[PDB]
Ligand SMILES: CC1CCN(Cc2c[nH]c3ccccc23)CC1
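Okay, so here's just one chain, in structure tokens, the form deposited without the named molecule.
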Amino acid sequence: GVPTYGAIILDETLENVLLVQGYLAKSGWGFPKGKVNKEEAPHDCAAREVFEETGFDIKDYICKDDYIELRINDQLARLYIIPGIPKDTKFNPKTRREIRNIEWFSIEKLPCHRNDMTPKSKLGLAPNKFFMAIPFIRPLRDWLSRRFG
């Protein structure tokens, strides 16, 4: 799988994270990110994908060692952590053919796992519009505790 890079943008209070909503298979909410191009450095892919999806240029704010990286089904996804971005920032994707909406979400209200269906004696997980974000939420909360407290 081709690695993906993007960002976890937080506001000044550290309460809220910026999520984007795509279409079709990407219909739920997730962190802005996308596939690395041949020869492209991880930091440049993160900035490009984030700029394409949100209109916000993170290049001056990325810190090389501040990221969360997960391997999901043998694909690497690395999100650089970008705090302190004002909640009144105007975010506008480049092409609304890929991004439906861009919103701030409260970190403490976001799920960090999907719910089962043990009420129905059925296996699996209930659908959740935050499916793509969920795997990063607990590591992000733990990372913010370690880095800030």
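Quick note: we count residues from 1 along the sequence shown, nothing fancier.
Beyond what is shown, the protein has a form deposited with the named molecule bound; the following relates to that form.
S.K.: Going by a heavy atom distance of 4.5 Å, is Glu103 a contact of the named molecule in the deposited bound form?
M.R.: Looking in the deposited bound form, residue contacts with the named molecule include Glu103, since a heavy atom lies within 4.5 Å.
S.K.: Might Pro93 be said to contact the named molecule in the deposited bound form, defining contact as any heavy atom within 4.5 Å?
M.R.: Contact with the named molecule, yes.
S.K.: Indicate whether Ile68 is a 4.5 Å heavy atom neighbour of the named molecule in the deposited bound form.
M.R.: Although the named molecule is absent here, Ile68 would stay clear of it in the deposited bound form, with no heavy atoms inside 4.5 Å.
S.K.: Should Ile99 be classed as touching the named molecule in the deposited bound form when contacts are defined as heavy atoms within 4.5 Å?
M.R.: Yes, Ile99 sits close enough to the named molecule in the deposited bound form that at least one of its heavy atoms falls within 4.5 Å.
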